[PDB]
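Each remark here refers to the structure printed beneath this line.
Below, read A as the first sequence line, B as the second, and so on, with proteins coming before strands; counting in each chain starts at 1. Computed from heavy atoms alone, side chains included, the values below leave out hydrogens, waters and symmetry copies.
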Amino acid sequence: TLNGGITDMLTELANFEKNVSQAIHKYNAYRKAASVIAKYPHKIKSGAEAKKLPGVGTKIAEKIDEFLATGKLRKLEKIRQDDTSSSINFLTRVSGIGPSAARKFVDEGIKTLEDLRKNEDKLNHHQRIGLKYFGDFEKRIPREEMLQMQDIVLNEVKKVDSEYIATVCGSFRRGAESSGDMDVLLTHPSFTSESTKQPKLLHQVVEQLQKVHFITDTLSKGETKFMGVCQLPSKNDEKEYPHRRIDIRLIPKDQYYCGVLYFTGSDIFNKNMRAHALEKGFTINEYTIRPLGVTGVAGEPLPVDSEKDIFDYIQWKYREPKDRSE
DNA sequence: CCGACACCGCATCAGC
DNA sequence: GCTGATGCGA
DNA sequence: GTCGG
Ligand SMILES: O=c1ccn([C@H]2C[C@H](O)[C@@H](COP(=O)(O)NP(=O)(O)OP(=O)(O)O)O2)c(=O)[nH]1
Ligand SMILES: [Cl-]
Ligand SMILES: [Cl-]
Ligand SMILES: [Cl-]
Ligand SMILES: [Cl-]
Ligand SMILES: [Mg+2]
Ligand SMILES: [Mg+2]
Ligand code: NA
Ligand code: NA
């Protein structure tokens, strides 16, 4: 973090545009800049120097000069002191409360953790659980704990059906020393792009994980995506571990590589790679990579037998997971 | 200039 | 009930 | 907010 000060500033700006301005493109613009700057191997000495990087334009360049000179940004100095913006940014930290619900609550006089707690009847299910674990979800997960969680999930999944294959993706697969949550990609031979010869595939696993008291709550649950909460079991007299967010995605067995590519991320890396694909005339999603006919319509799925294959199509040299943390 | 900006699952809603 | 639009995941 | 054509 040679340019931590600058990347943080950009991220704060990004969050403001997203949560308060509800301006998604400005949000992604700031995030892109923060990203490219974060991997820049030098201690930025000026905005001009930064403007050389792709994604950093005139505005961010001037902002970087202000920052380098004063150590702060007036624009943010202001935003920080605006109560409505401050309340809004805060409420969006609760899982399930977005920019819209956040602004709505602020309109109704609900702007503090305290307020949220005394108005649970005004929250939907997800938001209710997000509030419950507000503190816990703010904590990072040491890789060591991810390893223990991985063991349980794979072993429990195995027990349900030896034919299940559970892979931990997200930041964990990228080699991070800490993770915001645990993301699990799941496959089973009975569920392919061709057919679903067995129902309740995801349910059965969620079921088992709940039985062994690993999954404590559910934020949302469908046929192929589970979003919930889990906790590692603690020892006698040992204090309890924090509750953790867990995402489970059931993907067609024959679309594993596109699935693992997607779920490994990062989200910004996928955004960059998917944009490059488009420039190259392809479209990539968690299921497949399809060509783009002049008419704009996507074509039939191209054959894929490795993450690398996807990279080859868009003429990108393969990049290891550990190098996709953009 | 100015249009494009990655992609999609599940919860919840309004209109029918 | 359905379907389409929106919010949120993120 | 930034970019390519
Ligand atoms: O906007 C998104 C969000 C997620 N994803 C993919 C990539 C990401 O790495 C993966 C898992 O989502 P998380 O939100 O769990 N992020 P990640 O695991 O990378 O980091 P963290 O440690 O915060 O969980 O899903 C996208 O493609 N787009
Ligand atoms: Cl925008
Ligand atoms: Cl600042
Ligand atoms: Cl695939
Ligand atoms: Cl597809
Ligand atoms: Mg994650
Ligand atoms: Mg996740
Ligand atoms: Na630039
Ligand atoms: Na939130």
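DNA chain C lies under 4.0 Å from at least one heavy atom of each of the following residues of residues 1-36 of chain A: A/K18. Proximity of residues 165-198 of chain A to DNA chain C (heavy atom under 4.0 angstrom from any strand atom) is not detected for any residue. Listed by residue number, there are no residues of residues 60-92 of chain A with a heavy-atom contact under 4.0 Å to DNA chain C.
Relative ring orientation between A/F311 and A/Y318 is described as perpendicular, the plane-to-plane angle rising above 60° on a 0-90° scale split at 30° and 60°.
For A/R245 and A/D247, the salt-bridge test passes: some basic side-chain N is under 4.0 Å from an acidic carboxylate O. Here A/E12 pairs with A/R80 in a salt bridge; the nearest charged N to carboxylate O distance falls below 4.0 Å. Ion pairing between A/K159 and A/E156 holds under the 4.0 Å rule for side-chain N and carboxylate O. For A/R319 and A/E326, the salt-bridge test passes: some basic side-chain N is under 4.0 Å from an acidic carboxylate O. Under a 4.0 Å N-O distance rule, the pair A/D83/A/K111 does not qualify as a salt bridge. Remark: A/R249 engages A/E286 in a salt bridge, criterion side-chain N to carboxylate O under 4.0 Å. Ion pairing of A/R93 with A/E138 is present here, as a side-chain N (NZ or NE/NH1/NH2) and a carboxylate O approach within less than 4.0 Å.
Following rounding to the nearest Å, A/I37 (CD1) and D/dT2 (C1') show an atom-to-atom distance of 13 Å. Remark: P of B/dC8 and CD of A/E223 are 19 Å apart, rounded to the nearest angstrom. Spacing between atom CG of A/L123 and atom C1' of C/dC8 amounts to 14 Å, rounded to whole angstrom units. Between A/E326 atom CD and C/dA10 atom P there is a gap of 20 Å when expressed in whole angstrom units. A/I129 places its CD1 atom 16 Å from the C1' atom of C/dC8, with the value rounded to the nearest Å. In this entry the distance linking CG of A/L53 with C1' of D/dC3 reads 14 Å, nearest Å. Atom-to-atom, NE2 of A/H126 to P of B/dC10 comes out at 14 Å; the value is rounded to the nearest Å. One atom, CZ of A/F263, and another, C1' of C/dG9, lie 11 Å apart when rounded to the nearest Å.
B/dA6 and C/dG9: their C1' atoms are spaced 15 Å apart (whole Å). Rounded to the nearest Å, the gap between the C1' atom of C/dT6 and that of C/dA10 is 16 Å.
Looking at A/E163, its side chain never comes within 3.5 Å of a backbone N or O of A/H188 through a donor-acceptor pair. Put simply, the side chain of A/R324 never gets that close to the backbone of A/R174: no donor and acceptor are under 3.5 Å apart.
Closest contact between the side chain of A/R245 and the listed nucleotides B/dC10, B/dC8, C/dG9 involves C/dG9.
In this model, the phosphate group of C/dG9 is not approached by any side-chain N or O of A/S220 to a distance below 4.0 Å at OP1 or OP2. For the OP1/OP2 pair of D/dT2 and a distance below 4.0 Å, the side-chain nitrogens and oxygens of A/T58 include no atom meeting the criterion.
Judged by the sign of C1'-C2'-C3'-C4', C/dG9 carries a north-puckered sugar. The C1'-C2'-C3'-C4' torsion of D/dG1 is negative. Its sugar is therefore classed as south.
Note on A/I37 and A/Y27: separate hydrophobic clusters, where clusters join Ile, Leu, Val, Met, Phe, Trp and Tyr whose side-chain heavy atoms are under 4.5 Å apart, directly or indirectly.
Counting any heavy atom pair closer than 4.0 Å across all strands shown, A/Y287 reaches sugar-phosphate atoms only and no base atom. In this structure, A/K59 reaches the sugar-phosphate backbone alone: every heavy-atom distance under 4.0 Å involves primed, P, OP1 or OP2 atoms, never a base. Using a 4.0 Å heavy-atom distance criterion, A/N124 is classed as a sugar-phosphate-only contact.
In the displayed structure, A/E300 atom CD is contacted under 6.0 Å by at most 12 heavy atoms of other residues, nucleotides or ligands.
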Check against ring pair (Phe, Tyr, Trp, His ring centres under 6.0 Å), A/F105 and A/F90 = CA-CA 11 Å; A/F105 290 135; A/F90 175 63; over 10 Å; no
